[PDB]
Each structure stands twice: as C-alpha cells, then as structure tokens.
C-alpha cells in the first residue's frame, strides 16, 4: 500500500517540540489526501549529507538529494564536491552516497529516465568564479559522468523540471553586458528545453515575468511556476518585487497562460529549490516565505491549487514542519516505513 507523499526534505533541526525522541534529524512529510503528517530521516542523519541544496525524484521513484559535505567531512577530504545521496526505503531505511561531481553552487538538478543532470550554476574555472553554461550528466546505470551540450546561456539560481522525457530550465540569473549602469547579472524569463535524444537545447516561449526563487510543479505534463522574486518582462534593471503570479506552461503547444494568483506573494525555499509538489492532479505549496530576509521563519502552512476547480484552497495551517527545509519532493512511499508525528 504505497501512497504519494509530499516530502519536505531539509537539514534544519528547529521548531518542533519533541519530548521522547529528537525530530531535529527528521524531515516533515504530508499526505494531502488523508491530511496526515509523517516524518522521514533527514539526509544529515548519522554520517550523511551536511547540507542539502536540491533534489529530484527519478522516474523509478528513487529519491535523490544533492548538496555539500559537512565541514567535518571536508576537513578529511582533499577536494570539495557536489555530493549526491539517495534514500533507501525497504525496511532498512537510510541515505547513501550515490556519486560526486565537480563543485558548483546555485545549479539545478534534473533527471530523465535513469540519468541525473547537473545544470549551470557558479563554478571555479581556471581559478576564476563565473556562472556556467555547462551540463554534466550522470548515468545511474553505468555509474559514470558525461559533459553534454551546454546551455545556450550562462545560468544560476534557475529551476529545472522534466516533462515527457525532456528538461525544461526556467528563469534564474544570467550575466548582462548590455547596460553599464546595471548590475552584472539580470533575472531571466527564458525557458530552455533539452532534448536528450538530440543532445540539443532550444529556446522556448518565454515567461511573462523574469524571476528566481519561485515554486515549480508538473501536473499532467504542464509546468506550474508560482511566486518568486522578479519583474514584468525582460530584466533591464527595474525594481524587483515578490510575486503572486502563477504562470502555466504547455510544452506541446509551447505557450504560457496565467493561473489564479496566489493568496499572497510567496517565495520558494532559500536554496531556490521548489516548495511545491503535485499529488493526484493537484498542486501543493508546502510553506514559503513572504520576504527575502535570511531570518524569516517559513510559513508553516500548506496551500492547494486545484487546477480543475481553478482556485486556491488552504489545506493545512500550523503544520509540524521545521523553520525551513531544502527541497519539496513527491515520491510513492509506504507510510508504515516512516516515522509517526510526535506524541504531544
């Protein structure tokens, strides 16, 4: 009896009153159908992953997180790397190191079939830091890496989703050399598609807003982009604001349309990973931020976008999540293999 759960994976350990055992090492999970809370082991548990940056659930239901080693682990290693872990969930539940990649930050993690893609981000190339266009592909099956076709532009803090076995990279930061009185980077409203059978990136229809730190989810092969920081149109230096905008993309038709705006402007997680997932044809935003300060506690509330009714519903308030988390993921889980909520 497996069911699809919203897993709010993070290594934050605060904000949950725990009398008999420590929930500081557990991550909040939510069944939106039964409205029941579960807990899964956080990636840091034991000698695991110190920092979580992003994650994916691959086609075969494997839960993947990518991040950085703890300072203790770094101190015993010669090189700093992107560290990729996978959750193991068959009565012996744990996080295991899967594979490592050349260090980057603010990259996006994609997945198609049995492959992982590390996309863009900031890297150190010839002892200089720059936003990159490079895309590294990891084959789980062959346990090796291949540099594939690069992005058509340098991107950081962008998002990626998969629809019908293609990657769609969305928004983010990109260098600009058009205007000498503008910051070095501008926000992007661009949408790029990667076709793995062709190893080729193409430019698709753009977003109405240039943006970053927004929610993403896929419902019935359409992309939902919600909230974020940005500005209408191409970013030419105009002021940036928190958005309630919902933009929905259809790949087959290559067009965007608006959705019902969110109840309030909302930012995704500070990792720029998604705070939203899709369960049974409905979209769930699991918490979010109303401002961009580093000290704001995440809103401990779960919103639903019912795309059929075409409206927003409050599903749950004051949920038992930590003060932050690092990536919202949906996977088929057997909730008997998970940790119950605290007895209080």
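Residue numbers count along the first chain shown, from 1.
With 60-68 and 296-304 compared on mean CA B-factor from the PDB entry, the stretch scoring higher is 296-304.
Taking only CA atoms, the mean B-factor in the PDB entry is higher for 71-79 than for the other of 71-79 and 241-249.
Of the candidates 172, 121, 91, 150, the PDB record gives 91 the highest C-alpha temperature factor. As recorded in the PDB entry, 95 shows the highest C-alpha B-factor of the residues 214, 224, 107, 95. Ranked against the other modelled residues of its chain, the C-alpha B-factor of residue 270 as given in the entry falls in the highest third. Ranked within its chain, residue 51 lands in the middle third, by CA B factor from the PDB record. For residue 291, the recorded CA B-factor ranks within the highest third of the chain. Only modelled residues enter the ranking. The deposited CA B-factor of residue 8 belongs to the lowest third of values across its chain. Residue 133 sits in the lowest third of its chain by CA B factor, as recorded in the PDB entry.
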